[PDB]
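Comments concern the structure below.
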Amino acid sequence: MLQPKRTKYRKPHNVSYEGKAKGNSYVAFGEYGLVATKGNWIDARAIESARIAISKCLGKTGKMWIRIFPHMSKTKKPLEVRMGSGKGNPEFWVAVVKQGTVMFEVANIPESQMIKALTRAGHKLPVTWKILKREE
Amino acid sequence: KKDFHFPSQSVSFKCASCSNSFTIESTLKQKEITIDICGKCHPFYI
Amino acid sequence: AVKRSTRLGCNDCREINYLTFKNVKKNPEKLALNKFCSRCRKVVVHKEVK
Amino acid sequence: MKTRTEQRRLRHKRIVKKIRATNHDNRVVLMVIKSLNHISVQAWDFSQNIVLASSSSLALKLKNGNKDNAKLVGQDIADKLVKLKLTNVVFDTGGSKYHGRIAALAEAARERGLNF
Amino acid sequence: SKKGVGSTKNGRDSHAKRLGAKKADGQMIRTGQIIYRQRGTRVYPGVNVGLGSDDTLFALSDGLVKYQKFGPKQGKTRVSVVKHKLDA
Amino acid sequence: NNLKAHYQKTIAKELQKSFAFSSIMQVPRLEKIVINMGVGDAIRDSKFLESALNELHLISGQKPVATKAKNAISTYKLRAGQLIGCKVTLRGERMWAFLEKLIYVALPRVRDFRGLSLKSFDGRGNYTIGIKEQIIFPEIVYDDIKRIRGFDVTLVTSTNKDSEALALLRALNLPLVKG
RNA sequence: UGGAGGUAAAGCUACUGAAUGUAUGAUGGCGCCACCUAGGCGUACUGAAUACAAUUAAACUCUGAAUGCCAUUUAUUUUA
RNA sequence: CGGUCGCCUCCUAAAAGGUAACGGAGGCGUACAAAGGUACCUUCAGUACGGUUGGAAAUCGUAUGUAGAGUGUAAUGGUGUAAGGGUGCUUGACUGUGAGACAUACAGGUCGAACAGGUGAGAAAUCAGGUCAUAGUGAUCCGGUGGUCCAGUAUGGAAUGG
RNA sequence: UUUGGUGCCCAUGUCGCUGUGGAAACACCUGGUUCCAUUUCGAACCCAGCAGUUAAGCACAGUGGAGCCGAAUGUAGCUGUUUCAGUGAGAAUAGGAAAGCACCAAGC
Ligand SMILES: [Mg+2]
Ligand SMILES: [Mg+2]
Ligand SMILES: [Mg+2]
Ligand SMILES: [Mg+2]
Ligand SMILES: [Mg+2]
Ligand SMILES: [Mg+2]
Ligand SMILES: [Mg+2]
Ligand SMILES: [Mg+2]
Ligand SMILES: [Mg+2]
Ligand SMILES: [Mg+2]
Ligand SMILES: [Mg+2]
Ligand SMILES: [Mg+2]
Ligand SMILES: [Zn+2]
Ligand SMILES: [Zn+2]
């Protein structure tokens, strides 16, 4: 569970996922990458599921990079509570994924395993994923 | 600066073996005070 | 509220013409300033008045 | 930490900033600069940024660095200012303490019809 | 069931001071009129412009106000009152 | 000082010839010897500091200015606004007098003056001498502070290279190991 | 046409926090020795600082618009 | 039921100003006879090297470093020759005022050129009507205190008022 | 035109490296007996003189190392109407860059 060690403010305003791609737009560490086609909020739980999936379907020498990180937190008012009396407490951490951000990249294992690995990682995420390669 | 109670007066210093009356300004007795180990009376220097 | 204010009165006509502040805990000695006096129409010593 | 000339420039900048901030009547500004050998003087105008009058030890051809020649320099600059019909001046040093040669120049200028 | 609700702790705000520019560039101005209200000198004073006990810029003579950018990397702002200077 | 004139002639000639210096004042020149006999006992035994100053006075002929710390530390009992330590900076004739008096009277009286050099220059040409005891200095009577301390005599030079500073030291015959 | 501003965007070697990989690596954990105290050789590993490549922010800014706002110039309209 | 009720700072507040919620973070009900005024002088923190006590870190010397230092305080803005530090002399932390503006339903609040009197610093120009700026505050009525060129219920006082 | 002083500017003006220079001036420098000064030091400030001096500073030529500035194209955001026309950033880049504008005194 990726989680920031400390934050200045416990309850920040949510960060919009509508728009194009600011950074993390092109594969620059590996050479195959999982691009998104639909901006959405995905939490550290989905990252861990996807990361564990990649590692289980990886080999003995493959290497992977996780680009996105759940910097922003989100709150949730307790159940059966009427509106008012302040904001709720932080519950889960979410990374902001915009349309066009490369979430996971893989390298150093043949192409078919890498294509399969990115597929299982993207089936764990809500965004509509797509495979991309690194420019020569 | 000046107007001090501790006056720097040129006092002479004698030494054993080699006399070497070195005159140096100091606020001490105005006479030939004898030092027992001077610079010239040291195995390191000579 | 706290009362750190003090009154300054002339020493010729014995009239109080100024209102200032003073810390009795820090400053133990009575003020002996010199200020303008409306009555005497000149500068004169003003001292602390109870 | 520095050399004498740099500290004098820094102090001169302080004086110039103050004068340009407070000189409301647009008086002529008499900056005198003293060196180890000689001392010169020039009357600038911060509104036009030009020099109206000038005087120097080089101009007067004297073995200067003495309090004696400062009086001669002050008399010459005050005469030139009077000819220029300007008498309301502000006097600032080049960044040196007002004393000795600087004080003599100012007093000679003041005693020759200047208003400062 | 209401289940009860917690309590909020920060609901305090101060009155908004109506700061900012008062006289725009090119506007004619008489002496003693405010040109810029600020907390700390955001706009430096120039010629014919004074300062107050609240860092408030006010005019010192008749004329047209004028802003000029100066300072390192042109990051400092300066205001002035260019006198009428009609001069026939 | 006669040795000051001797310094002038001798330092000029040897140094000028030793490095083919194109000007006589290219040779290094010594500027100021700071003495810093500082003690933190003024936090508790303020009296001690006073005596300290007088001994420092009695050694140089300049009254010592007491220095103040620029911070505050609880573990050291330090607090801002207090005077802990005196510093004296000798120049002109008095500095050369003190230098000669140190090297000729005070230093060879040191219990074991084996010396330390080469490993003392700060890389900019300075030099610090850490004295261990004050009593060894001739300008001090036996009656003194209940605690005894040392000194931090330091040196300065016109040059910025430590090697040329060492060259000046050798020309002055400052008696250290191989230097 | 002139001016005030610090938002959208973008950027984090331009700061404050958060933060990914590679390389050199303080540091500790971990050992194995000697030494009872000064330490030393490798560290399944932790990770200061630096370099390279890449990130995040209503209460981050080395930057940075458009619109809008103020004033003025010209043309037209209304006695508000 | 719990929480809050006045004032100040930032964000939400959408680059003029203004803009709400039991929205998100904090403070105030002061302090300083110097931390005010003036004249003069002066400029970081940290780090590197070198040095008795003395130690990771007290002080000293040199260099580097462009603010991470200081500016009494909660934040914001400002300010590195400044508004920060030191010294000398002082009390303008004045009297009577006040053209013109900001912001405002009102009541109140904020800035202020300039004039007269008498001062402080300074050679002079100039500056000083409290502090780097924004919180540090409560109407009216009632009664008390000091001064006073006003009244004093027939007149002179007094009482009682102004 | 060159040197020296100064104002305006506030890095395309800096930091640094390599060389050259002084006629006059600028500077270090020579001393503290005078006016003046050190929270202690004629270091600094202030005096009165130019013996020595081109290390410095200062002034010139080279140096694209650090720092700074930065075109055109394209793109993100905006305004309208479109689902296309203007407006046009930030970042990155070719590259520029060893300041510039005036006044005064001297030999020119
Ligand atoms: Mg507000
Ligand atoms: Mg944004
Ligand atoms: Mg960052
Ligand atoms: Mg209740
Ligand atoms: Mg606004
Ligand atoms: Mg708006
Ligand atoms: Mg603060
Ligand atoms: Mg003072
Ligand atoms: Mg102050
Ligand atoms: Mg009642
Ligand atoms: Mg009656
Ligand atoms: Mg040279
Ligand atoms: Zn002997
Ligand atoms: Zn009176």
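Give the long-range amide H neighbours of C:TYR18: residues separated by 5 or more places, or on another chain, with amide H under 5 Å away, using H modelled in the peptide plane at 1.01 Å from N.
It is C:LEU8, by chain and number.
Can you tell me the dipole magnitude for the protein assembly as shown around its Cα centre, using point charges on the Cβ only (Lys, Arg +1; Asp, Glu -1), in Debye to the nearest 20?
It works out to roughly 2880 debye.
Identify all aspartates and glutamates with a Cα-Cα distance to F:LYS47 below 20 Å; exclude those on the same chain that are fewer than 8 residues away in sequence.
Of all the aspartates and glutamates, those that pass the test against F:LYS47 - Cα under 20 Å, at least 8 places apart if same chain - are F:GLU55, F:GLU133, F:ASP143, F:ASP144.
Let me see the pair-distance distribution of chain D: every alpha carbon pair, 10 Å bin width, integer percents in order.
Pair shares across the bins are 14, 47, 33, 5, 0.
Restricting to Cα atoms and excluding each atom paired with itself, what does the Kirkwood estimate give for the stretch F:60-113 in Å?
13.9
From the phi of every residue in the stretch B:2-8, what ³J(HN,Hα) in whole Hz does the Karplus formula 6.51 cos²θ - 1.76 cosθ + 1.60 yield, where θ is phi - 60° and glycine or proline is x?
The phi angles translate into 7, 6, 10, 8, 9, x, 7 Hz.
Which three semi-axes in whole Å describe the equivalent ellipsoid of chain C, each the square root of 5 times a Cα gyration tensor eigenvalue, listed largest first?
So the equivalent ellipsoid measures 22, 11, 8 Å along its semi-axes.
Helix A:111-123 versus the longest principal axis of chain A: what is the Cα-based angle in degrees, 0 to 90, to the nearest 10?
20
Are there any GluC sites (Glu not before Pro) in the stretch F:76-179 that are in a DSSP loop and have at most 14 other Cβ atoms within 10 Å? List them by number.
Counting only loop positions with at most 14 other Cβ atoms within 10 Å, the GluC sites (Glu not before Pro) in the stretch F:76-179 are F:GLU133.
What share of the DSSP beta bridges in the protein assembly as shown is antiparallel, in percent to the nearest 5?
Taking every DSSP beta bridge within the protein assembly as shown, about 85 percent pair in antiparallel fashion.
Convert each backbone phi in the stretch E:49-54 into a coupling constant with the Karplus relation 6.51 cos²θ - 1.76 cosθ + 1.60 (shift: θ = phi - 60°), then list the ³J(HN,Hα) values in order as whole Hz, x for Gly and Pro.
Working through the residues one at a time gives 10, x, 10, x, 7, 10 Hz.
List the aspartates and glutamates whose Cα lies under 20 Å from the Cα of D:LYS97, skipping any in the same chain that are fewer than 8 positions away.
D:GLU6, D:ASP68, D:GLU107
Holding the Cα-Cα limit at 25 Å, pick out from A:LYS38/A:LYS74; C:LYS3/E:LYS17; B:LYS14/F:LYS13; A:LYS74/E:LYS3 the pairs that are longer than that.
Too far apart for the 25 Å limit: C:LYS3/E:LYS17; B:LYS14/F:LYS13.
Please compute, for peptide B:22-31, the average count of beta-carbon atoms on other protein chains lying within 10 Å of each residue's beta-carbon.
Whole-number average of other-chain Cβ neighbours for B:22-31 is 5.
Answer rounded, prolate or oblate for the stretch A:24-71, using the Cα gyration tensor with square roots of eigenvalues a ≥ b ≥ c: rounded when a/c is under 1.5, else prolate when a/b is larger than b/c, else oblate.
Taking the square roots of the gyration eigenvalues as a ≥ b ≥ c, the stretch A:24-71 is oblate.
If you take the C-alpha gyration tensor of chain F, multiply each eigenvalue by 5 and take the square root, what semi-axes do you get, largest first, in whole Å?
Semi-axes from the Cα gyration tensor: 33, 18, 15 Å.
Using a 10 Å cut-off around each Cβ, can you sort D:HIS38, D:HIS24 from fewest to most neighbouring Cβ atoms?
Fewest-to-most ranking of D:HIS38, D:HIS24: D:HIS24, D:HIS38.
Please name which of D:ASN88, D:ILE19, D:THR5 has its Cα lying farthest along the dipole of chain D towards the positive end, using unit charges on Cβ (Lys, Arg +1; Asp, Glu -1) and the Cα centre as origin.
After comparing all options, I get D:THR5.
At 7 Å along Cα-to-Cβ for each site, give me the label-to-label distance between F:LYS132 and F:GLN26 in nm.
4.3
Calculate the dipole size of the stretch F:67-152 relative to its Cα centre from +1 charges on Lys and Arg beta carbons and -1 charges on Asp and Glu beta carbons; express the result in debye to the nearest 20.
Using only the charged Cβ atoms, the result is roughly 440 debye.
I want to verify the translational diffusion coefficient of the stretch E:1-63 in µm²/s; compute it with Stokes-Einstein, Rh as the Kirkwood radius over Cα pairs, at 4 °C and 1.567 mPa s.
Rounded to a whole number, D works out at 89 µm²/s.
Using a cut-off of 13 Å between alpha-carbon atoms, which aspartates and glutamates can reach F:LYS4, once sequence neighbours fewer than 8 places away in the same chain are excluded?
Filter leaves F:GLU93, F:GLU100.
Each residue of the stretch A:48-61 in turn: what ³J(HN,Hα) in whole Hz from Karplus with 6.51, -1.76, 1.60 and θ = phi - 60°, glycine and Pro shown as x?
5, 4, 5, 5, 5, 4, 4, 5, 5, 8, 7, x, 9, 10
Which distance in nm do the two modelled labels at F:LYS178 and F:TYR76 give, with both placed 7 Å along the Cα-to-Cβ direction?
Result: 3.5 nm between the two label points.
Any of A:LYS77/A:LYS98; D:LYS34/E:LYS83; D:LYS34/E:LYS76; B:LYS31/F:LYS178 with alpha carbons more than 31 Å apart? Name them for me.
Table pairs above 31 Å Cα-Cα are D:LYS34/E:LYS83; D:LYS34/E:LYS76; B:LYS31/F:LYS178.
Among A:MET103, A:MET72, which comes first, then next, by fewest other beta-carbon atoms within 10 Å?
Result, fewest neighbours first: A:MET72, A:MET103.
Name the residues whose placed amide hydrogens come within less than 5 Å of the amide hydrogen of D:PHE46, ignoring near sequence neighbours (fewer than 5 apart) on the same chain.
Excluding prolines and chain starts, which carry no amide H, the hits are D:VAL29.
Using 28 Å as the Cα-Cα cut-off, could you pick out the over-long pairs in E:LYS22/E:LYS85; F:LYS63/F:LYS146; C:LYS25/E:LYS9; A:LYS11/E:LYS22; F:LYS32/F:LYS161?
As for pairs spanning more than 28 Å Cα to Cα, those are C:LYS25/E:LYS9; A:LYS11/E:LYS22.
Using only Cα atoms and rounding to the nearest 10 degrees, what angle (0 to 90) does helix F:2-19 make with the longest principal axis of chain F?
60
Just from its helices, what would the mean residue ellipticity at 222 nm be for chain D, if runs of 4 or more DSSP H residues each count -39500 (n - 2.57) and the sum is divided by every residue, rounded to the nearest 500 deg cm²/dmol?
-13500 deg cm²/dmol
About the Cα centre of the stretch F:2-176, how large is the charge dipole given +1 on each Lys and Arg Cβ and -1 on each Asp and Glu Cβ? Please answer in debye to the nearest 20.
Approximately 280 debye in magnitude.
Count, for each residue of D:14-26, the Cβ atoms from other chains sitting within 10 Å of its Cβ, then give me the mean as a whole number.
So the per-residue partner count for this stretch is 1.
Pull up all non-local amide H partners of F:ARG149: gap of 5 or more, or a different chain, and H-to-H distance under 5 Å with H placed in the peptide plane.
Sorted by chain and number, the residues that satisfy this are F:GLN134.
Taking the convex hull of the Cα atoms, report for the protein assembly as shown its projected area averaged over all directions, in nm².
That works out to 57.9 nm².
Largest first and in whole Å, what are the equivalent-ellipsoid semi-axes of chain A based on the Cα gyration tensor, each being the root of 5 times an eigenvalue?
31, 15, 13
7 Å from Cα along Cα→Cβ at both B:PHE4 and A:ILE66: what's the point-to-point distance in nm?
In this crude label model, B:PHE4 to A:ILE66 measures out at 7.3 nm.
Within 10 Å of each Cβ in F:42-54, how many Cβ atoms from other chains are there, averaged over the peptide?
The mean count of partner-chain Cβ atoms within 10 Å per residue comes to 0.
Give the Debye-formula value of log10 I(q)/I(0) at each listed q (0.14, 0.17, 0.26 Å⁻¹), with one equal scatterer per alpha carbon of the stretch A:41-119, two decimals each.
-0.59, -0.74, -1.20
Note: ideal-geometry Cβ built from the backbone for every residue, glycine included; neighbour counts use all protein chains shown. A short reminder: the numbers here are calculations on the coordinates, not readings from a lab.
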